[PDB]
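Tertiary structure, described
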Amino acid sequence: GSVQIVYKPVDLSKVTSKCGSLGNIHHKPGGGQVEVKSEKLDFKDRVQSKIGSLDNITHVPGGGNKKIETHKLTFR
Amino acid sequence: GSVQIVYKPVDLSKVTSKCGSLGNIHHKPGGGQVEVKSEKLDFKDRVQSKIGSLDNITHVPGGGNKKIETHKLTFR
Amino acid sequence: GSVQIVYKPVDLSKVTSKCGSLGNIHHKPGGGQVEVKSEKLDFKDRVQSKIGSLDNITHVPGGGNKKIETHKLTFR
Amino acid sequence: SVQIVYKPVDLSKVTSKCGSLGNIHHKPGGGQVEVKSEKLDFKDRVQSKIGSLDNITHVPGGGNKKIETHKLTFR
Amino acid sequence: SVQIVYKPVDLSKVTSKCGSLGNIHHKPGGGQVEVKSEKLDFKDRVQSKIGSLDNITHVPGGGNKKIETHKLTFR
Amino acid sequence: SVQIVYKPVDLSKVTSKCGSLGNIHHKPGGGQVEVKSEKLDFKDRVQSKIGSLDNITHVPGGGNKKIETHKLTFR
(Lines give C-alpha, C1' and ligand atoms only; values in the text may rest on other atoms or scores of the structure.)
Protein backbone atom coordinates (compact mmCIF):
# COMPACT_ATOMS: atom_id res chain seq x y z
CA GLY A 1 0.00 0.00 0.00
CA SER A 2 0.84 3.73 -0.38
CA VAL A 3 3.31 5.37 2.04
CA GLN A 4 3.31 9.20 2.14
CA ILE A 5 5.87 11.13 4.25
CA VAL A 6 5.62 14.96 4.35
CA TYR A 7 8.71 16.25 6.21
CA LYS A 8 8.50 20.08 6.45
CA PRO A 9 9.76 21.49 9.80
CA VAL A 10 9.31 25.31 9.88
CA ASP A 11 12.00 27.42 11.59
CA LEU A 12 11.80 31.20 12.26
CA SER A 13 14.34 31.08 15.17
CA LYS A 14 16.04 34.26 16.40
CA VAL A 15 19.41 33.76 18.19
CA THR A 16 20.76 37.22 19.07
CA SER A 17 22.95 39.31 21.38
CA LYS A 18 23.70 42.99 22.03
CA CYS A 19 26.89 43.86 23.95
CA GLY A 20 27.58 47.56 24.69
CA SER A 21 31.39 46.99 25.08
CA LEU A 22 33.97 44.18 25.34
CA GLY A 23 37.34 45.33 26.75
CA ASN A 24 40.14 45.05 29.35
CA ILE A 25 40.59 41.26 28.94
CA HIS A 26 44.01 40.22 30.31
CA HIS A 27 45.22 36.65 29.65
CA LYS A 28 48.64 36.76 31.43
CA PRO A 29 49.49 33.22 32.71
CA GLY A 30 53.00 32.80 34.23
CA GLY A 31 55.08 29.60 34.29
CA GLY A 32 56.54 28.24 37.56
CA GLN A 33 59.85 26.48 38.35
CA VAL A 34 59.95 22.87 37.01
CA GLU A 35 62.65 20.16 37.33
CA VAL A 36 62.66 16.61 35.94
CA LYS A 37 65.81 14.60 36.84
CA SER A 38 66.39 10.99 35.63
CA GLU A 39 68.89 8.51 34.14
CA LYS A 40 66.34 8.07 31.30
CA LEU A 41 62.96 9.21 30.00
CA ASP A 42 61.54 6.33 27.90
CA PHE A 43 58.33 7.20 26.00
CA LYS A 44 56.72 4.76 23.47
CA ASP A 45 53.52 4.61 21.37
CA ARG A 46 51.06 7.57 21.57
CA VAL A 47 52.62 9.00 24.75
CA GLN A 48 51.73 12.70 25.20
CA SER A 49 54.09 14.58 27.58
CA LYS A 50 54.07 18.26 28.71
CA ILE A 51 56.92 19.47 30.97
CA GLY A 52 56.74 23.14 32.15
CA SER A 53 54.68 23.97 29.01
CA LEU A 54 52.04 26.68 28.47
CA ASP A 55 49.01 26.16 26.17
CA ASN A 56 47.14 29.49 26.01
CA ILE A 57 43.86 30.40 24.26
CA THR A 58 42.19 33.82 24.37
CA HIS A 59 38.89 33.79 22.45
CA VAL A 60 36.80 37.01 22.52
CA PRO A 61 34.09 37.00 19.79
CA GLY A 62 31.77 40.06 19.68
CA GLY A 63 28.79 37.68 19.19
CA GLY A 64 29.89 34.04 19.56
CA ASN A 65 26.27 32.82 19.15
CA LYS A 66 25.58 29.31 17.68
CA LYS A 67 22.60 27.51 16.07
CA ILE A 68 23.16 23.79 15.35
CA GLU A 69 20.49 21.71 13.58
CA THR A 70 20.44 18.08 12.45
CA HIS A 71 17.62 16.96 10.11
CA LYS A 72 17.34 13.21 9.35
CA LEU A 73 14.70 11.29 7.40
CA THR A 74 15.37 7.52 7.18
CA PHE A 75 13.00 5.41 5.08
CA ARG A 76 13.91 1.67 5.13
CA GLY B 1 -3.29 -0.10 4.03
CA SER B 2 -2.15 3.53 3.52
CA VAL B 3 0.40 5.15 5.89
CA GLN B 4 0.48 8.97 6.06
CA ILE B 5 3.07 10.79 8.22
CA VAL B 6 3.07 14.60 8.38
CA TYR B 7 6.11 16.01 10.24
CA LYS B 8 5.87 19.82 10.54
CA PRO B 9 7.12 21.10 13.93
CA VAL B 10 6.82 24.93 13.96
CA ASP B 11 9.50 26.97 15.69
CA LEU B 12 9.41 30.73 16.41
CA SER B 13 12.03 30.44 19.26
CA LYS B 14 13.81 33.54 20.60
CA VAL B 15 17.18 33.10 22.43
CA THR B 16 18.50 36.58 23.35
CA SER B 17 20.96 38.56 25.50
CA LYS B 18 21.58 42.22 26.33
CA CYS B 19 24.82 43.05 28.17
CA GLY B 20 25.68 46.72 28.95
CA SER B 21 29.44 45.90 29.30
CA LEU B 22 31.92 43.02 29.62
CA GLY B 23 35.35 43.91 30.95
CA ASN B 24 38.15 43.83 33.51
CA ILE B 25 38.54 40.05 33.09
CA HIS B 26 41.94 38.92 34.42
CA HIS B 27 43.12 35.35 33.74
CA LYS B 28 46.55 35.33 35.49
CA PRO B 29 47.30 31.79 36.81
CA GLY B 30 50.81 31.25 38.26
CA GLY B 31 52.83 28.02 38.32
CA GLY B 32 54.44 26.84 41.59
CA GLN B 33 57.56 24.70 42.14
CA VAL B 34 57.51 21.13 40.74
CA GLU B 35 60.23 18.47 41.14
CA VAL B 36 60.24 14.92 39.72
CA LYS B 37 63.32 12.84 40.67
CA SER B 38 63.72 9.24 39.39
CA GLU B 39 66.14 6.70 37.91
CA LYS B 40 63.59 6.37 35.04
CA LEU B 41 60.29 7.64 33.67
CA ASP B 42 58.85 4.79 31.54
CA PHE B 43 55.63 5.62 29.61
CA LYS B 44 53.87 3.22 27.14
CA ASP B 45 50.60 3.01 25.22
CA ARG B 46 48.40 6.16 25.28
CA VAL B 47 49.93 7.61 28.49
CA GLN B 48 49.16 11.33 29.01
CA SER B 49 51.57 13.17 31.39
CA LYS B 50 51.61 16.83 32.55
CA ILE B 51 54.47 17.98 34.82
CA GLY B 52 54.28 21.63 36.04
CA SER B 53 52.40 22.63 32.83
CA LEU B 54 49.60 25.23 32.50
CA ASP B 55 46.71 24.77 30.03
CA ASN B 56 44.80 28.08 30.00
CA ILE B 57 41.59 29.31 28.29
CA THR B 58 39.83 32.65 28.43
CA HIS B 59 36.56 32.57 26.49
CA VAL B 60 34.63 35.88 26.60
CA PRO B 61 31.83 35.90 23.98
CA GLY B 62 29.72 39.11 23.91
CA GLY B 63 26.64 36.87 23.44
CA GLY B 64 27.66 33.20 23.61
CA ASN B 65 24.02 32.04 23.20
CA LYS B 66 23.38 28.50 21.81
CA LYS B 67 20.41 26.79 20.17
CA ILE B 68 20.55 23.05 19.33
CA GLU B 69 17.80 21.05 17.58
CA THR B 70 17.78 17.43 16.43
CA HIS B 71 14.95 16.35 14.10
CA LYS B 72 14.64 12.63 13.28
CA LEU B 73 11.95 10.77 11.35
CA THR B 74 12.54 7.00 11.00
CA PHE B 75 10.11 4.92 8.93
CA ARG B 76 10.95 1.18 9.03
CA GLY C 1 -6.03 -0.39 7.79
CA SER C 2 -5.06 3.30 7.38
CA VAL C 3 -2.53 4.96 9.74
CA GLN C 4 -2.32 8.77 9.99
CA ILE C 5 0.33 10.48 12.19
CA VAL C 6 0.44 14.30 12.44
CA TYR C 7 3.51 15.65 14.31
CA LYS C 8 3.30 19.45 14.64
CA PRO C 9 4.54 20.74 18.04
CA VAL C 10 4.46 24.57 18.03
CA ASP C 11 7.22 26.45 19.88
CA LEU C 12 7.04 30.24 20.61
CA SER C 13 9.47 30.05 23.61
CA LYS C 14 11.59 33.01 24.77
CA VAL C 15 14.92 32.46 26.64
CA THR C 16 16.45 35.84 27.61
CA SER C 17 19.08 37.71 29.68
CA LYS C 18 19.52 41.38 30.52
CA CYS C 19 22.71 42.32 32.43
CA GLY C 20 23.84 45.90 33.25
CA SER C 21 27.57 44.93 33.53
CA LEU C 22 29.81 41.89 33.88
CA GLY C 23 33.28 42.74 35.15
CA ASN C 24 36.11 42.66 37.68
CA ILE C 25 36.49 38.88 37.22
CA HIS C 26 39.85 37.63 38.56
CA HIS C 27 40.95 34.05 37.79
CA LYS C 28 44.39 33.94 39.52
CA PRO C 29 45.12 30.39 40.87
CA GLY C 30 48.65 29.76 42.21
CA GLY C 31 50.53 26.43 42.32
CA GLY C 32 52.19 25.21 45.57
CA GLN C 33 55.33 23.07 45.96
CA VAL C 34 55.11 19.49 44.56
CA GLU C 35 57.87 16.87 45.01
CA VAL C 36 57.75 13.33 43.54
CA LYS C 37 60.79 11.17 44.44
CA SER C 38 61.03 7.53 43.19
CA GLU C 39 63.29 4.86 41.67
CA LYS C 40 60.82 4.67 38.72
CA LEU C 41 57.61 6.11 37.30
CA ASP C 42 56.11 3.30 35.16
CA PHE C 43 52.89 4.15 33.26
CA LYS C 44 51.07 1.85 30.72
CA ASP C 45 47.75 1.52 28.84
CA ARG C 46 45.81 4.84 29.10
CA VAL C 47 47.30 6.18 32.34
CA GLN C 48 46.55 9.92 32.74
CA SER C 49 48.96 11.76 35.12
CA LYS C 50 49.19 15.37 36.41
CA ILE C 51 52.06 16.46 38.70
CA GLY C 52 51.85 20.12 39.88
CA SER C 53 50.03 21.15 36.63
CA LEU C 54 47.12 23.64 36.32
CA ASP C 55 44.14 23.40 33.93
CA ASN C 56 42.48 26.86 33.93
CA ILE C 57 39.27 28.08 32.24
CA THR C 58 37.56 31.44 32.58
CA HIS C 59 34.34 31.44 30.54
CA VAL C 60 32.48 34.78 30.73
CA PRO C 61 29.63 34.88 28.18
CA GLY C 62 27.60 38.15 28.13
CA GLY C 63 24.54 35.96 27.50
CA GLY C 64 25.39 32.25 27.76
CA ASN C 65 21.72 31.23 27.21
CA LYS C 66 21.02 27.67 25.91
CA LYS C 67 18.02 25.97 24.28
CA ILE C 68 18.17 22.25 23.36
CA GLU C 69 15.41 20.24 21.62
CA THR C 70 15.22 16.65 20.39
CA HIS C 71 12.30 15.78 18.09
CA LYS C 72 12.00 12.07 17.23
CA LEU C 73 9.27 10.19 15.38
CA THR C 74 9.74 6.42 14.89
CA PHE C 75 7.27 4.41 12.80
CA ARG C 76 8.02 0.64 12.84
CA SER D 1 86.10 16.28 47.50
CA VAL D 2 83.45 18.92 48.52
CA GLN D 3 80.23 19.57 46.51
CA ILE D 4 78.14 22.74 47.24
CA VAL D 5 74.85 23.49 45.45
CA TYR D 6 73.43 26.98 46.14
CA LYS D 7 69.99 27.08 44.44
CA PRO D 8 67.34 29.09 46.40
CA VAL D 9 64.09 29.63 44.45
CA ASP D 10 62.15 32.89 44.89
CA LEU D 11 58.58 32.55 43.51
CA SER D 12 57.44 35.27 45.99
CA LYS D 13 54.80 37.96 45.22
CA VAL D 14 54.89 41.41 46.94
CA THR D 15 51.83 43.60 46.13
CA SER D 16 50.39 46.99 47.13
CA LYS D 17 46.77 48.00 46.21
CA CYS D 18 46.06 51.56 47.45
CA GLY D 19 43.30 54.11 46.72
CA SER D 20 39.90 53.11 45.26
CA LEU D 21 40.32 49.98 43.02
CA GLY D 22 37.47 47.43 42.66
CA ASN D 23 34.32 49.60 43.11
CA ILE D 24 31.07 48.99 41.17
CA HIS D 25 28.31 51.67 40.81
CA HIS D 26 30.10 54.33 42.91
CA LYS D 27 27.89 57.48 42.54
CA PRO D 28 28.80 60.34 44.95
CA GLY D 29 26.34 63.25 44.51
CA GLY D 30 26.97 66.82 45.73
CA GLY D 31 23.88 68.92 46.57
CA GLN D 32 23.18 72.52 45.49
CA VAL D 33 25.51 75.16 47.08
CA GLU D 34 24.80 78.89 47.39
CA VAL D 35 27.08 81.54 48.92
CA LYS D 36 25.70 85.09 49.39
CA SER D 37 28.33 87.61 50.60
CA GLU D 38 27.71 91.32 51.34
CA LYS D 39 29.92 94.01 52.99
CA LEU D 40 32.73 91.65 54.17
CA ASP D 41 36.05 93.44 54.87
CA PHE D 42 39.23 91.29 54.83
CA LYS D 43 42.36 93.08 56.20
CA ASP D 44 44.76 90.11 55.69
CA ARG D 45 45.33 87.11 53.33
CA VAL D 46 42.22 85.20 52.10
CA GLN D 47 42.09 81.58 50.91
CA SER D 48 38.67 80.37 49.66
CA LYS D 49 37.19 77.22 48.08
CA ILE D 50 33.50 76.77 47.09
CA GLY D 51 31.98 73.68 45.43
CA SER D 52 29.41 70.86 45.49
CA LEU D 53 31.63 67.72 45.47
CA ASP D 54 35.31 66.92 46.02
CA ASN D 55 35.79 63.32 44.79
CA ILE D 56 39.46 62.72 45.69
CA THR D 57 41.57 59.54 45.81
CA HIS D 58 45.01 60.56 47.15
CA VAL D 59 47.82 57.99 47.57
CA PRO D 60 51.20 59.24 48.92
CA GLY D 61 51.64 55.69 50.37
CA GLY D 62 51.71 52.20 48.86
CA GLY D 63 54.77 51.06 46.88
CA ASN D 64 57.29 48.41 47.88
CA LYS D 65 60.86 47.54 48.97
CA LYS D 66 62.44 44.12 48.28
CA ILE D 67 65.97 43.62 49.60
CA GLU D 68 67.58 40.16 49.13
CA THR D 69 71.31 39.62 49.74
CA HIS D 70 72.89 36.30 48.67
CA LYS D 71 76.38 35.34 49.93
CA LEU D 72 78.41 32.12 49.47
CA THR D 73 81.91 32.11 51.08
CA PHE D 74 83.92 28.89 50.55
CA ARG D 75 87.19 29.74 52.43
CA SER E 1 88.58 18.53 43.79
CA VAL E 2 85.87 21.08 44.89
CA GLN E 3 82.62 21.68 42.89
CA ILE E 4 80.47 24.82 43.54
CA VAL E 5 77.19 25.40 41.67
CA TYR E 6 75.62 28.85 42.27
CA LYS E 7 72.20 29.04 40.56
CA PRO E 8 69.60 31.02 42.58
CA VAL E 9 66.30 31.44 40.64
CA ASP E 10 64.35 34.70 40.98
CA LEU E 11 60.78 34.37 39.62
CA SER E 12 59.61 37.08 42.10
CA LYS E 13 56.82 39.58 41.30
CA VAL E 14 56.77 43.11 42.86
CA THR E 15 53.66 45.20 42.05
CA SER E 16 52.25 48.62 42.98
CA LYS E 17 48.60 49.49 42.06
CA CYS E 18 47.85 53.03 43.27
CA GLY E 19 44.97 55.47 42.53
CA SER E 20 41.64 54.64 40.84
CA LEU E 21 42.17 51.37 38.83
CA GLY E 22 39.35 48.82 38.18
CA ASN E 23 36.14 50.85 38.93
CA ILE E 24 32.91 50.12 36.96
CA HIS E 25 30.11 52.74 36.54
CA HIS E 26 31.84 55.47 38.60
CA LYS E 27 29.52 58.54 38.17
CA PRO E 28 30.51 61.43 40.51
CA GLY E 29 27.95 64.29 40.13
CA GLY E 30 28.51 67.86 41.37
CA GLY E 31 25.24 69.83 41.92
CA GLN E 32 24.65 73.52 41.02
CA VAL E 33 26.90 76.23 42.58
CA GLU E 34 26.03 79.93 42.92
CA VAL E 35 28.23 82.69 44.39
CA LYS E 36 26.81 86.23 44.80
CA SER E 37 29.43 88.76 46.01
CA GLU E 38 28.72 92.46 46.75
CA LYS E 39 30.83 95.25 48.33
CA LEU E 40 33.66 92.99 49.58
CA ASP E 41 37.00 94.74 50.33
CA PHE E 42 40.25 92.70 50.28
CA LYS E 43 43.41 94.50 51.57
CA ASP E 44 45.80 91.54 51.04
CA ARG E 45 46.38 88.54 48.71
CA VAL E 46 43.29 86.56 47.58
CA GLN E 47 43.28 82.93 46.45
CA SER E 48 39.87 81.69 45.21
CA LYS E 49 38.47 78.49 43.64
CA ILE E 50 34.81 77.94 42.60
CA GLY E 51 33.37 74.83 40.89
CA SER E 52 30.81 71.99 40.97
CA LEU E 53 33.11 68.91 40.94
CA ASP E 54 36.78 68.26 41.73
CA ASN E 55 37.29 64.68 40.45
CA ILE E 56 40.95 63.93 41.36
CA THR E 57 43.26 60.90 41.43
CA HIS E 58 46.63 62.02 42.86
CA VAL E 59 49.51 59.55 43.40
CA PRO E 60 52.88 60.74 44.85
CA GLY E 61 53.26 57.16 46.17
CA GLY E 62 53.45 53.71 44.66
CA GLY E 63 56.65 52.77 42.82
CA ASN E 64 59.14 50.10 43.84
CA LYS E 65 62.72 49.28 44.91
CA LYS E 66 64.37 45.90 44.22
CA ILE E 67 67.90 45.63 45.56
CA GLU E 68 69.46 42.15 45.18
CA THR E 69 73.20 41.57 45.71
CA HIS E 70 74.92 38.28 44.76
CA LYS E 71 78.42 37.47 46.12
CA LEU E 72 80.46 34.25 45.66
CA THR E 73 83.95 34.29 47.28
CA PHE E 74 86.11 31.16 46.81
CA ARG E 75 89.42 32.09 48.58
CA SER F 1 90.66 20.43 39.95
CA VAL F 2 88.23 23.17 41.21
CA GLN F 3 84.96 23.83 39.26
CA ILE F 4 82.71 26.92 39.82
CA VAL F 5 79.39 27.35 37.94
CA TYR F 6 77.95 30.85 38.56
CA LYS F 7 74.54 31.00 36.77
CA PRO F 8 71.88 32.98 38.72
CA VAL F 9 68.54 33.22 36.81
CA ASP F 10 66.44 36.40 36.96
CA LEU F 11 62.86 36.03 35.61
CA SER F 12 61.51 38.66 38.09
CA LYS F 13 58.85 41.30 37.25
CA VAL F 14 58.72 44.81 38.82
CA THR F 15 55.57 46.83 37.94
CA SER F 16 54.00 50.17 38.87
CA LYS F 17 50.36 50.94 37.86
CA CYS F 18 49.67 54.45 39.15
CA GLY F 19 46.82 56.88 38.25
CA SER F 20 43.47 56.11 36.56
CA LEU F 21 43.93 52.84 34.51
CA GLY F 22 41.16 50.24 33.81
CA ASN F 23 37.92 52.12 34.67
CA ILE F 24 34.73 51.23 32.70
CA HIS F 25 31.91 53.83 32.30
CA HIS F 26 33.64 56.52 34.39
CA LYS F 27 31.32 59.55 33.80
CA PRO F 28 32.12 62.58 36.05
CA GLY F 29 29.58 65.44 35.71
CA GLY F 30 29.89 69.04 36.95
CA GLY F 31 26.56 70.92 37.25
CA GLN F 32 25.97 74.64 36.51
CA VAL F 33 28.23 77.31 38.12
CA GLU F 34 27.23 80.99 38.44
CA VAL F 35 29.46 83.74 39.88
CA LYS F 36 28.01 87.29 40.21
CA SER F 37 30.38 90.04 41.45
CA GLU F 38 29.67 93.75 42.18
CA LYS F 39 31.75 96.52 43.86
CA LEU F 40 34.61 94.21 44.92
CA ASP F 41 37.87 96.07 45.76
CA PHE F 42 41.18 94.13 45.73
CA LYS F 43 44.35 95.99 46.96
CA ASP F 44 46.77 93.05 46.42
CA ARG F 45 47.40 90.06 44.07
CA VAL F 46 44.33 87.96 43.08
CA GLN F 47 44.43 84.31 42.01
CA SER F 48 41.07 82.96 40.72
CA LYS F 49 39.73 79.73 39.16
CA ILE F 50 36.10 79.10 38.09
CA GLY F 51 34.74 75.97 36.28
CA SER F 52 32.15 73.14 36.42
CA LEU F 53 34.53 70.13 36.52
CA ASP F 54 38.21 69.46 37.23
CA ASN F 55 38.98 65.88 36.08
CA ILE F 56 42.63 65.40 37.11
CA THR F 57 44.95 62.38 37.08
CA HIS F 58 48.31 63.46 38.59
CA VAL F 59 51.14 60.96 39.16
CA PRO F 60 54.44 62.41 40.47
CA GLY F 61 54.87 58.90 42.02
CA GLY F 62 55.24 55.45 40.50
CA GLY F 63 58.61 54.62 38.90
CA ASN F 64 60.97 51.76 39.76
CA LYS F 65 64.56 51.14 40.90
CA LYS F 66 66.26 47.82 40.15
CA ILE F 67 69.82 47.51 41.46
CA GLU F 68 71.35 44.04 41.22
CA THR F 69 75.11 43.55 41.73
CA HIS F 70 76.98 40.34 40.81
CA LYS F 71 80.44 39.51 42.22
CA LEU F 72 82.49 36.29 41.79
CA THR F 73 85.95 36.43 43.47
CA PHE F 74 88.21 33.38 42.99
CA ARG F 75 91.45 34.61 44.71
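Right above here is the structure, for reference.
The subject of this paragraph is a positive patch on the surface. There is a patch of like positive charges on the surface, built from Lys14(A), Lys18(A), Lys14(B), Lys18(B), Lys14(C) and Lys18(C). Sorting the residues of the positive patch by element identifies β3 (14-19) of chain A, β3 (14-19) of chain B together with β3 (14-19) of chain C as the ones contributing at least two each. Here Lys14(A) lies in strand β3.

A few words now on the packing of aromatic side chains. Applying the stated rule across the entire model yields 12 aromatic pairs over all chains. Ring plane angle 5° and centroid distance 5.0 Å describe the contact between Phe75(A) and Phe75(B), whose orientation is recorded as stacked. Taken together, the residues span two chains, with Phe75(A) in strand β9 (residues 66-75) and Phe75(B) in strand β9 (residues 66-75). When its relative accessible area of 53% is taken as the criterion, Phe75(A) is described as exposed. Exposure remark for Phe75(B): the relative accessible area of 7% places this residue in the buried category. An angle of 0° between the planes, with centres 4.9 Å apart, marks the rings of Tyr6(D) and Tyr6(E) as stacked. Highlighted residues: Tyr6(D) in strand β1 (residues 3-6) and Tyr6(E) in strand β1 (residues 3-6), drawn from two different chains.

Whenever strands of a sheet pair, they do so through backbone hydrogen bonds, lying parallel or antiparallel. Taken in spatial order, the 3 strands line up as β2(D)-β2(E)-β2(F) in an open sheet, and their pairing is parallel. The two strands at the open ends of the sheet, each matched to only one other strand, are β2 (9-10) of chain D together with β2 (9-10) of chain F. The sheet contact formed by β2(D) and strand β2 (residues 9-10) of chain E spans 2 bridges and is parallel. Opposite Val9(D), over in β2(E), you have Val9(E) as the bridge partner.

Thresholds, definitions, all that
Residues numbered from 1 in each chain as written, not as in the entry; some residues may be left out. Chains lettered and ligands numbered in written order. Heavy atoms only, no water. Patch = residues over 30% accessible without salt bridge, like charges linked within 9 Å, V, L, I, M, F, W, Y side chains within 5 Å. Areas by Shrake-Rupley, 256 points an atom, 1.4 Å probe, with all protein chains shown as cover. Salt bridge = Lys/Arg side-chain N within 4 Å of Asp/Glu carboxyl O. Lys, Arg positive; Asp, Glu negative; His and termini not counted. Charge placed at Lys NZ, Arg CZ, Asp CG, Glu CD. Helix = DSSP H or I, 4+ residues; strand = E, 2+ residues; numbered from the N terminus. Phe/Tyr/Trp six-rings, centres within 6.5 Å; stacked < 30°, edge-to-face > 60°. Buried < 20%, exposed > 50% of the residue type's maximum accessible area, 1.4 Å probe, protein only. Pairing = 2+ DSSP bridges.

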